[PDB]
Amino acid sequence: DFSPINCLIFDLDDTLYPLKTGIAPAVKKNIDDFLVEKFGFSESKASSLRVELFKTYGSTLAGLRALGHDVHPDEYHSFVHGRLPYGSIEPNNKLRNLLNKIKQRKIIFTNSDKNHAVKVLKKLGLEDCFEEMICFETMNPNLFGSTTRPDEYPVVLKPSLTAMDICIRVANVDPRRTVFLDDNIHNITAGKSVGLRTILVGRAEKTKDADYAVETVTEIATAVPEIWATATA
């Protein structure tokens, strides 16, 4: 049977640029340094808390608020992303050409704040390629003013199905007609569970929940030939 692809949802970090760029370990270091600044922890204790909060709540920001700390998202993102070596993100001309050839609607779906995402897309040369962006603010629209308690509006992040649902609703996605590209195996599982077709980025081998796997995102031009199909049924 034929299901056309009318929409592509792209993760940002480590999907539209390769993991080996080195942004991901810088973000981990920055989160540890944020916890040292907040709590006067050693770096070693900071790392221990980061991974616990990441595992339990989805991120250190999510966890701090769940535990009763009134950490505004801007404080966190300014520290953790603001400090990043954005200069190390290389433009990808092949990718820009590909996205421009692709006729389907293209969406960004990221846990990062919009400010970070826009900086990354600018470095990549992709700032006009996407017609919707579902970012941290999108998933957490009530988290920027006063709250009754620190966790009145719990932080929503990928890979939660809550996050998936917000992406699908904001972008008005038909999951049967949509492919989702992400480097994170848990995000791929979540996407598959809400009916999306899935492309694991950063591995050549598929997980059980990946329809395709490519090491680099530009490989979809040949690995996913249905992108170029013209049938609509």
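Position 1 is the first residue in the sequence shown; the rest follow in order.
Which has higher Cα B-factors on average according to the PDB entry: 25 to 33 or 49 to 57?
It is 49 to 57.
Look over 112 to 120 and 144 to 152 in the entry and identify the one with the greater average Cα temperature factor.
If you average the C-alpha B-factors of 112 to 120 and of 144 to 152, the larger mean comes out for 144 to 152.
Among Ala66, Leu200, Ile166, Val179, single out the one with the highest C-alpha B factor in the record, please.
Answer for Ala66, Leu200, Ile166, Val179: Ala66, with the highest C-alpha B-factor.
Could you tell me which third, lowest, middle or highest, the C-alpha B-factor of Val170 occupies within its chain?
For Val170, whose C-alpha B-factor we compare with every modelled residue in the chain, the answer is the middle third.
Mind checking which third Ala62 falls in for C-alpha B-factor across the chain?
For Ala62, the deposited C-alpha B-factor lands in the lowest third.
Which third of the chain does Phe130 land in by C-alpha B-factor: lowest, middle or highest?
For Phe130, whose C-alpha B-factor we compare with every modelled residue in the chain, the answer is the middle third.
Splitting the chain's C-alpha B-factors into thirds, which one does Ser44 fall into?
Highest third.
Lowest, middle or highest third: where is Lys158 by C-alpha B factor in its chain?
Tercile = lowest for this residue's CA B-factor.
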